[PDB]
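Chain by chain, the residues:
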4 protein chains.
Amino acid sequence: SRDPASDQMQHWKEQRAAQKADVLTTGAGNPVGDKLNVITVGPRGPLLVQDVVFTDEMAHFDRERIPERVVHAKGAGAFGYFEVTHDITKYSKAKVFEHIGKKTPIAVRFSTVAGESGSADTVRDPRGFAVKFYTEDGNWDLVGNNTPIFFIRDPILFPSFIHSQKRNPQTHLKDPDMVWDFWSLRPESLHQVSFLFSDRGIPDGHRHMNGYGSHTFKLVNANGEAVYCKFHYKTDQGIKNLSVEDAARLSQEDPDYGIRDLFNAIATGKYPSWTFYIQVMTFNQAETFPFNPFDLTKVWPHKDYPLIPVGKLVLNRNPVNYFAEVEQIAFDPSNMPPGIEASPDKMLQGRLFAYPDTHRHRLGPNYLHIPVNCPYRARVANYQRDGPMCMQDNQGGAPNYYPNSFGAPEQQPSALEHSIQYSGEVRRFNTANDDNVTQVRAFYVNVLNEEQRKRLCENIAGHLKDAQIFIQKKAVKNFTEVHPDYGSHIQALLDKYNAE
Amino acid sequence: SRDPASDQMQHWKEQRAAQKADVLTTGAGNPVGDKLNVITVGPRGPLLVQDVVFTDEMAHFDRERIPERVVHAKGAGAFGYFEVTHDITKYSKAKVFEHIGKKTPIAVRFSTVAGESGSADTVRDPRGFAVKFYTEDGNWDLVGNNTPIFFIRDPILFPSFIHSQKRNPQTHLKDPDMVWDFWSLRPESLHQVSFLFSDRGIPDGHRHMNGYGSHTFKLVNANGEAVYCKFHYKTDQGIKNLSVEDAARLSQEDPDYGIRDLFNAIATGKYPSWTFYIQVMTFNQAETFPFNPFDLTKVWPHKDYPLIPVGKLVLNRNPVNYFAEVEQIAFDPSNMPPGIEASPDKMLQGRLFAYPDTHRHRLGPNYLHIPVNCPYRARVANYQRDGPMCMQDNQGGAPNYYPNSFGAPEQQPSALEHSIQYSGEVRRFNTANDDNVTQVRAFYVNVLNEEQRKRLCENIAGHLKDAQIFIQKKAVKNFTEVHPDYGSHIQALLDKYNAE
Amino acid sequence: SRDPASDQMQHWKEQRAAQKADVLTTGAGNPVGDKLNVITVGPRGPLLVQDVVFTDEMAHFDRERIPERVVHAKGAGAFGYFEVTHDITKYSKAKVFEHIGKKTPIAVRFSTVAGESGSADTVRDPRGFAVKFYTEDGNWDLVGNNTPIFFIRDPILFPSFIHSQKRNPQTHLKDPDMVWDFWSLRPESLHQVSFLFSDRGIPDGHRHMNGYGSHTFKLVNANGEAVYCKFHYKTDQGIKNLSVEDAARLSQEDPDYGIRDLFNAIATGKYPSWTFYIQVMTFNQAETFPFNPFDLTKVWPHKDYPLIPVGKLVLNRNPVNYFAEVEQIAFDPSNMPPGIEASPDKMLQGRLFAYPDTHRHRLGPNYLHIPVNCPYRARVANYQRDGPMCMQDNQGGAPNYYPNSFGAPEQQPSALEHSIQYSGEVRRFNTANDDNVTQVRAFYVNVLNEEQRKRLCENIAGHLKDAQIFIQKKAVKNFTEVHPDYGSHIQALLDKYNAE
Amino acid sequence: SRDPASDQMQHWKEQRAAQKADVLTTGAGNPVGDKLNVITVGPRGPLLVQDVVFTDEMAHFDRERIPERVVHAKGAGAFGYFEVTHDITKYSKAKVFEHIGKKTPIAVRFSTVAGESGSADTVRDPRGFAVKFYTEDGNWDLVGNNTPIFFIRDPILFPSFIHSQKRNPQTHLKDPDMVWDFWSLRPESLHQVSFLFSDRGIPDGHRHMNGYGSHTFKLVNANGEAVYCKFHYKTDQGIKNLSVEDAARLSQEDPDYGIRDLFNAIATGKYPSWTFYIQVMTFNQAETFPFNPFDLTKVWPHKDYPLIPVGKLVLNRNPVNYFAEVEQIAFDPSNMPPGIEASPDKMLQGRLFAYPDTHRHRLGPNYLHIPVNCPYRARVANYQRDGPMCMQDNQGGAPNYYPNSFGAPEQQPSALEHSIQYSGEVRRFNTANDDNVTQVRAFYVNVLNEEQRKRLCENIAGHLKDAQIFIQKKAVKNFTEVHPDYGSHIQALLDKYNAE
Ligand code: HEM
């Protein structure tokens, strides 16, 4: 008996117990007489087309791969439930929050951002923490990160940001000039860059990190009154990080450390959990907040906006087939039930488009039919039909146009969205020069202690040293604007590296 | 009360009876408040991205279409059963034939060959008649036509043949020069061309035509002895044809005549049926047959090879959703259960490759998961995994490699294929100059009467008149080799047309 | 010598003249020794996998088809140029209008709306008239119809509208109940329905119809001042229509009448042309227009908004390969150069999303690389990379993130869009009960004469008679609201039909 | 000045020199005014659909990824030429070998086998070494490995083999039980397993390894006489390997070591080269060879079959865009010009099917149109048309059916394949119990010295220790059959590990 992950096949065999092996078939259910040799013209002659067993198997092997996710390609998944522990029905009418003790099944995927499918788990990166709630009002996807903020505040920069974090288009190598050119030109990134290069840049697996919705969302109650909120889901296992040295070692010894850790925890009954909270901001408070409350590079200070407990997330079930339940899972931030809505955060608005769009490419037009993606606790009834790999009844003979006089599905006025008046011209507004430094200073001065500040600067200088000097200079200038000691410490370390 | 096809929606409404309309949802199951107006900035302002209801619906509409079939694009489908009425277990051990009274569910699709999706039913063309038998040993697809023969006898000519029958690559028009250039250069086509231009070139809907497997197949019994066979399925409603004049009228008044006729027959309880027969030829008889018994341009004369009754096909159920059950159905001639095998017919051998191949393109890698294609009366267990739109459990945690020591599916030696010794070099053998005329003469002289012979020549000349004279001449020369009167009658009619 | 379309292959042969035939190759350029017979084990043995010539050809044949367009599937195309004849640079700074005599190459596709790829040209339907202008500021796609208006004024109804015009989801038949249920429930359709059932519902091929942009667009001049406009392109060959009887006959005798007519006109030097005009409306006039000037069911009366001549469209070149240049052409209304912009027409706004979206599905992510779609008179330089079937250099080693310090492409402030303030809440505003009848009455009373009014009512009643009585009644009620004689004439004809 | 790979962008900038930056455009060539901010309703309002610049860029980003290769996903590429140095025209009429000094352009891709796109270069694995020769008779793809043999000798086992080498289907972890269960059950693997776990299992980058065609091929001369051959391409830089300790370190410090090493070598003018040899075996020698000469687990001993020099491969050009020239390159073993043909090696026969098949999935039906895949030194002329992303002229108006009377391409009898008579039944022949040990013993005893034998056993035991004991036992039994010392050394090391 090794760890449960290592004993996967042995356990499968034992579960089968006395049962005879199934008969090996083709995809069309025809039994296979021999699957160890192909049909040839005599023992040393050529292969025949009529070996359809061979072609059937090989053609399917040839088509096994699908495009990886454009970001967050490397991941781990699990299933469990969300349980309401407190009443927030004064803020939201969403059915997922309807009453204390209400349990909703969930699916979760954890990931890194930049690495491809075959990359190591224990690298410095933000972590994805996506949660799908299968509610009676349809799926709610809260597609969070292990950070409350992000590097940029306008979505039209997101492809550029990702490109700068991935491989050089010619050499196919990671490129420090690209990374730091972009970040030095876009100092809105300082806040998340400070988080990334701190100790929480490398969590000790997925169970020891927090998640955040990051964006401001809108909650709407039964009386049609709205507030703004933030979602926080805090680890009940405690924050725990890997040192740079342990992370580097594990990246070679166990590239799949995060997958293995989660699988073994759940398989041995150590079910990880998170406490789910909201922060709430009224429309009036949004008018007077000193920054843009919809700016993704900003947090809401806890003193002014305390955490309000809502419930807990528990993961208690491993995937049975990774490809089916983790590779093919799709989260769309636009999947929000009545009672939860988007705010004007420009980044969130961009995400409302991007996710269904990429899913139609990565998975296919009918990706919502895939079992893990199905809103299986709701009844889907609409006027959508057809498309490739339509795997359901395609809504049978129901009338396929709306409005109609034949009793087909009808809109539900109670589900109408919340209306707001907005003031201004319709145009492109520059946000590059919003406050880039104030909350970063609070982090550097008040949240980090002295050891942490030192590791932060060493982590930064270790990466920034590989960029050209003109880039190093612009970057240090930005850190100086945060705090003269931040910049000067980094510059000192760079001097040492550049001397070598 | 009109015909059942016209009352489809009224019937759907009535079945619903008292029930309240379903709630209209997004694809993710979220209820929709209003699906008749989009979200705008004031009553005359631009559209917002956060109208995800709009985008969800429009994105799905945008992806509704899949590639049509490369041939046989226009079709009609129905479901029913096959019932064994006689014992042929001495010829075949296939479970579908196991005992008298055994019923197997079937799916059928009827089609024309050359026309696209929006083309008329009542045109001169061969008709497809594809039958899928859902057996306990997996699906058996008998992908037949309403003719026992075909235009060509080598599969490498099939793309050329189809191209010559479709549109000019520049003008996008049907092109008589292409059609008759090809047929005049390939006189193996004379036999099927004679069938096509006879009265049975335009059946009166799908219920009044025969089907044929066309190819020689191989039947293998429980003792491992093999014979060759042909499959014939003869209409119990009787042969009935449309005149050229009625067909032309219907092509404008009702392009969907065949679909409507079949749907209304089944909806009013007039279930069409076919009697299913085989012809049998022993290996010794195959050695002495005066032609190639595996030549698709040849029949087996009934005197020497009588029809042996096997059972009946009955269609008694209409599709509930056409797209799901007819557009997405896939038949592969290579889906043959134990007891039925391919013969060396070169055309059949080519089809063993082509159909799964086109299906992976038209439908997708996992097209066998689509419900209508699923071998739902068999248990599929194998080492195939993953691929796009994997809509099942993907065989869970089962071991995915063979051989293994963990109890996963095993080959079944009884399902091994039948072995034959073949003699000769492995090379390309010319078949262009096999007998092109003998069976055609028997058809023209002995099967057709005098009225039929006249209509045949008028039908040919009506089409051939549009080709250039050099093509008309080569074509007439080929008909003359069949019978001097065949050619001379055609030439007389051409003279009249070319004079005008 | 027949018509040029019929002599396509003969002409190709003659152009080749003395030249020896090319050597037949595989797709990989390897010469083919024999493409008329497959490789077998002796003359009557099975087919070998090592016949790669066979597999190469068959695999490509198997993948020839792409999804047809979801609407406007059946079409004809041609190439030519647009020439400026008058100066409108006071209204628009677009380079296509820059100076008198400036010629821009164009591509055009004509189509019907509802019919599939194999359907007849001479049917009652709106006609598409899409024009792609290859300008120095990129492609401008004016994706027009042969009508200035449309059936609906909100884009979220478009899928329903199209579904009601296509096949019943169960029977796969055209369904008058669906058509008239939808139109009777949505009387905004009365205006376009009146146009459709008039004589111009069936033009005599594509050369004898007008085109219209239909939507209000915005023109912006060099000083940044904006007006609203409509585009009209009026046939220089004159309006000409097919009678219902001639159209019905041609639908059987020549389903490709429109393709053939256009091809033969251009091949014999009868180059069709259109005169290109705008109507202009100032922002002040838009405030005082008695209807919504952005309502697609409304025209701008010519007395108040005269046609201003701009230039001419001439078609003088046939496609060389239909698939490459007509089937794969993609028009996106969102392709607008500086000086032309969208208006708030809700329908236009919906189209800005839908077309690139469907193109990524029908053609592929890199459909703009396809030669006919390429902006070949502009230089494309941006931060987009990769995607399937990347057929170019993928912009070589250029920096792939923006902003950057390495000299890669830069934004051009002069191309900034025009800013407007809008007033109101962000919500769904009902437009179902805008004026549905006033302009329709003007059409019925003042534009049509008495013979035309009679044919209109006969055309309507001929189609509406097949719907159920409750639908006939609601429809007649709507026509009555237009004019008591309109409704009563239709009702009289229906009485006769329903009596039979 | 760092290494050339690190200075990629700086070099690009400098090449541009004085030039003004290009204008940033959309994909349709329209200039972009501002690409740093999206269009919103006022500074804190929602995003508009009419920001088509945003949608265009984001939709393309969303579709950047294509499926990775099902095996050999992680790779490095380069370009150069092949030069003939000796005359082998007595063995082969292929134009690539036509005369001394003849240069043919080549493309090469190097890879590992099992790792995904984001995996480390310096891991134990076979290495791919694929060479595409762009000849005048079309492309020749020699899709080799850095080993002359492989793990299996029947292609129907290849999917199982690959599955056993990849991730557990439930846990998504690499699984030693899977690896060693398969290899212990299939002792034909002993030969390649011995190579893999020797020092050459981890080469020092791609320049310090040999390549081999591995399979027996057939060479055919101008007189139509055939021999069998093997292809060997031996590094001119010398064999050099990484120690297990250095490889492990580099896997964390530089996952892209192989890419970087090759790029920097070529960029600094150190062009790597290989000497290209054949071994030749006559048909008579094939009859008397003591093993199956077409068995992929066997070599031809050099004493009996000496290396015959042919020419040299030189790599002297880096990719300009990795995605376009390396990710999208496709090699098909079936691309063989006249003078080179397949042998009956069952593994090679399987590959003739699998590669074009997977390419149609990974890249698309028209993947041969992609510039790097194009046979750009040959003229492609055939009857293939259409398919998605047809990016060429689609062969214009040429006749699209064969045979034809209009002067379109013609077969070339000189390119006919070589004919052979084969003897036996057409059936599945078992090869599991061919000689699994004799050549492995020669390797262990005569090729490896004593230090090498020790490292071999340590490398094996280090991996095998993680499998269950029953698997360890079966594996050791197989090594014992090779040589009692091989097995006993491994068993000794296992005892130590299992004790811990
Ligand atoms: C070498 C010869 C042939 C080749 C390469 C070939 C290939 C094809 C292909 C690629 C399709 C489209 C399949 C799909 O997308 O689902 C098709 C359909 C069809 N073929 Fe064949 N075919 C050949 C000969 C024949 C023959 C001889 C028959 C009848 C005996 C036949 C009957 C049909 C029918 C009935 C369909 C439509 C099946 C359906 O309803 O989905 N074909 N063929």
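Here we take up the interface of chain A and chain B. Counting residues at the interface gives 101 residues for chain A and 101 residues for chain B. With both chains or domains summed, chain A and chain B bury close to 8800 Å², and 60% of this area falls on carbon and sulfur atoms. At the boundary of chain A with chain B, the tally comes to 2 salt bridges. Residue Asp-22 of chain B pairs with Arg-379 of chain A through a salt bridge whose shortest N-O separation is 3.6 Å. Applying the counting criterion to the chain A and chain B interface returns 40 residue pairs in polar contact. Listed by contribution, the elements that provide at least two residues to the side of chain A that touches chain B are α1 (8-16), α2 (52-61), β5 (138-145), α9 (322-327) and α10 (346-362) of chain A. Looking at which element gives the most residues to the side of chain A that touches chain B, the answer is α2 of chain A, with 7 residues. Here the side of chain A that touches chain B is composed, by residue class, of 51 nonpolar, 32 polar and 18 charged.

This next bit is on the UniProt feature "binding site: heme" in chain A. Residues and elements named next belong to chain A. UniProt tags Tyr-355 as "binding site: heme". Mapping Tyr-355 onto the fold places it in helix α10. Using a relative accessible area of 24% as the deciding quantity, one classes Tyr-355 as partly exposed. Look past the residues within four positions of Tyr-355 in its chain and what remains in contact with it is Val-143, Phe-331, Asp-332 and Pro-333. A polar contact of 2.9 Å, which involves the side chain of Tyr-355, links it to the side chain of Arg-351.

Moving on to the interface of chain D and chain B. Taken together, the contact between chain D and chain B spans 52 residues of the former and 52 residues of the latter. Summed over both partners, the interface of chain D with chain B comes to about 3900 Å²; 59% of that surface belongs to carbon and sulfur atoms. By the criterion of area lost to chain B, the three top residues of chain D are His-163, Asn-400 and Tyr-401 of chain D, representing 14% of everything that side buries. The interface formed by chain D and chain B contains 2 salt bridges. Salt-bridge contacts for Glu-417 of chain D lead to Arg-428 of chain B; the nearest nitrogen and oxygen are separated by 2.9 Å. Connecting chain D to chain B are 16 residue pairs in polar contact. The element that contributes the greatest number of residues to the side of chain D that touches chain B is helix α4 (residues 176-185) of chain D, accounting for 5 residues. A class-by-class count of the residues in the side of chain D that touches chain B yields 25 nonpolar, 16 polar and 11 charged.

Conventions and cut-offs
Residues numbered from 1 in each chain as written, not as in the entry; some residues may be left out. Chains lettered and ligands numbered in written order. Heavy atoms only, no water. Contact = heavy atoms within 4.5 Å. Buried area = accessible area lost by both parts, 1.4 Å probe. Salt bridge = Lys/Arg side-chain N within 4 Å of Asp/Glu carboxyl O. Polar contact = N/O pair within 3.5 Å; in protein donor to acceptor, adjacent residues only side chain to side chain. Helix = DSSP H or I, 4+ residues; strand = E, 2+ residues; numbered from the N terminus. Nonpolar A, V, L, I, M, F, W, Y, C, P; charged D, E, K, R; others polar. UniProt positions renumbered as here; feature names shortened; annotations may be inferred. Buried < 20%, exposed > 50% of the residue type's maximum accessible area, 1.4 Å probe, protein only.

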